[PDB]
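As structure tokens, the structure follows; a few thoughts come after it.
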There are 2 protein chains.
Amino acid sequence: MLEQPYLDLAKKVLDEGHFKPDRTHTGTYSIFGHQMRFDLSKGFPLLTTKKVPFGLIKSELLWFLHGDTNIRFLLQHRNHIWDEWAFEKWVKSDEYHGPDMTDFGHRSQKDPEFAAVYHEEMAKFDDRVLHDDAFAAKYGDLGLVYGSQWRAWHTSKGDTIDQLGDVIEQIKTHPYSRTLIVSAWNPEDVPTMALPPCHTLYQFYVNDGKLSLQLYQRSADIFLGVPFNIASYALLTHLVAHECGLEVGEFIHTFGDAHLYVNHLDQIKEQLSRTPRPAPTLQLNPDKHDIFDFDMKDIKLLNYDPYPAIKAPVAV
Amino acid sequence: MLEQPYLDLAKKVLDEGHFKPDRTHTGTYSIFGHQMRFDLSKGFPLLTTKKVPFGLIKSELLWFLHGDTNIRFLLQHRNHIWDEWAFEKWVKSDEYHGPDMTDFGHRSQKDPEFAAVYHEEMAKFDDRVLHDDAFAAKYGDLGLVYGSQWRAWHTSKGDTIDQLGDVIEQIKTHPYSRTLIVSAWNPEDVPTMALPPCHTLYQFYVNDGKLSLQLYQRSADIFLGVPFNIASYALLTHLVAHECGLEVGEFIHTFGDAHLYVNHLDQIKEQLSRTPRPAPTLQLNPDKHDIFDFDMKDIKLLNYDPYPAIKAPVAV
């Protein structure tokens, strides 16, 4: 079926990947260099062998597309995917007044009573960011995340570049261009960053009136990360094609270090028991075309009929 | 044999690539997204099915490694691979005094008597760059080429970053790092550039005491470009491993738009008739280890036993 490459990637790292230690200190089985391709005319690559929350991938892409870098927009959509980053910053500050929260990441997965005190501090932070404008302005702003890298690359001349906006203009006037690239990797920021981007860069390609996109992901969590990643960029490929009056081609996913954290083996093994169901269909608002002013309601996913979700521990 | 992936890439674009128009206006048969991998413990991937001048790949890599951006070093090594770029600049200037040379690229391949007047202007330019210090300083300096992108990335704070030097330090102290990346793509320069880099970025990977490298090439000329490209980065993988006291792993070559210009079909077809000979062996100076102070003599290629070279027209 449509998602078979993903299952094949998991099987391969399972019986071919070598043990490799990592940053988090949760071992991994890793492979270097892999490539999968999805034919988007065959359907949307949202995995049917595990329930994946499209709502979260949709509102995160829109946040990127608006060149927004403030958690506030996400929280308003019940999307807590980036809270940890903002929170960290709040916690590690002069204005912070409460429990140490030091290394709140592991401590929650280890201490039961801490997971409730931390879960509280965070619960308040999210409300303050939502309601206190000066707060959101100071702690809700991540600064260097995909939204600004894509739409506001800061130049040495002090200005700001809209790579994505520019490339889309280039797809419209020079379809056969071999330089339709958007990068998220800035050598001057990366060495200080908390999370240097995993989605390093992407390239568009146009031929026979069909738009294709290739993504270079430097590091990937096969079980938890990849199911989301495939959907974000397959969606992005669709949006850009809608605006450019193009048909959709393939989404090619290239990998640097593709890995399976050692505490996800039982879960990935179980998923491999399931049998892929037909793939859902993506439907976009035909009346609206300016994808930067697109909103949650402009994108619908039809026929997603997944298997139950599989819980697994976040590699801390 | 060791080079089979290259021959397989050519066959595939031959009977699977679709016709796609390009910048040069010399049609191409193109594919988007491909990946080949070379096991460097099996030998050096210098093609045996066509004679490829390793001397030119060796002195071009060293020029990059020194963070040099002046043609002068190359000319001194009888390497004219970049003259066109410097020359263009000389020709299109106030100080230039001679024949129009306008569009010297096609005009040489079309006009016989022009190919000798242009061939002359260039012949002088190369000598002036070689002997006139102030000239070399002004016209021999390309500015933004791999040497400065790798070793002198200009920051917005006015400084200069040595990505390559820094990453090598990171390979030594954090082998299992998933951020060992060197980028050549700067969003602020690229939109003005003559040749935005083809070799967008590369990533190192270390496991089981072996160093691997993956390259993302956005555009590739399968017949003329790729044979060189494979060798430059396979060599780079060896040099870095030598310095880091690591063994050599694989060189993974990833492609955006891989293409065959329409006027190279007869040549590529002929090469496909040849039968790969065993691969040469690379030998580096065991006494010297600082690869930035490496010189032509520190690197030897043993047993290269190729087929005759195949001439083909440079797509102008």
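Convention: sequence-line order gives letters A, B, ...; per-chain numbering from 1.
Only the side chain of B/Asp208 has a heavy atom closer than 4.5 Å to any heavy atom of chain A. When heavy atoms are compared at a cutoff of 4.5 Å, B/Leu215 does not approach chain A at all. Using a 4.5 Å cut-off between heavy atoms, A/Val206 touches chain B through its backbone atoms (N, CA, C, O) alone. Interface residue B/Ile31: only backbone heavy atoms are found under 4.5 Å from chain A. The parts of B/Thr179 that come within reach of chain A are both its backbone and its side chain, each placing non-hydrogen atoms under 4.5 angstrom from that chain. When heavy atoms are compared at a cutoff of 4.5 Å, B/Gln163 approaches chain A solely by way of its side chain, counted from C-beta outward. The contact between B/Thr155 and chain A is made by backbone and side chain atoms together, counting heavy-atom distances below 4.5 Å. Heavy atoms closer than 4.5 Å to chain A are found nowhere in B/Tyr202, neither backbone nor side chain. With a 4.5 Å cut-off on non-hydrogen atoms, B/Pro21 touches chain A through its backbone and its side chain both. With a 4.5 Å cut-off on non-hydrogen atoms, A/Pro196 touches chain B through its side chain but not through its backbone. Interface remark: B/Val182 contributes no atoms to any contact with chain A (heavy atom separation under 4.5 Å). With a 4.5 angstrom heavy-atom cutoff, B/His259 touches chain A only via side-chain atoms.
In this structure, the side chains of A/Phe32 and B/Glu250 stay at 4.5 Å or more apart for every pair of heavy atoms.
In this structure, the separation between CD on B/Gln214 and NE2 on A/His34 is 11.0 Å, given to the nearest 0.5 Å. Remark: B/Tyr176 OH to A/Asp257 CG distance equals 11.5 Å, nearest 0.5 Å. Rounding to the nearest 0.5 Å places CZ of A/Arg178 at 4.5 Å from CG of B/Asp22. Taking OG of A/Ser219 as the start and CD of B/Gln203 as the end, the distance is 8.0 Å to the nearest 0.5 Å. One finds the CD1 atom of B/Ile181 at 9.0 Å from the CG atom of A/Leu201 (value rounded to the nearest 0.5 Å). Between A/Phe255 atom CZ and B/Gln35 atom CD the span is 10.5 Å, to the nearest 0.5 Å.
Between B/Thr200 and A/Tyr216, the side chains place no donor N or O within less than 3.5 Å of an acceptor N or O (distance only, hydrogens not considered). Inspection of the A/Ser156 and B/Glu188 side chains reveals an N or O donor paired with an N or O acceptor under 3.5 Å.
For the options B/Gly33, B/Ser183, B/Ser30, heavy-atom pairs under 4.5 Å to chain A are most numerous at B/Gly33.
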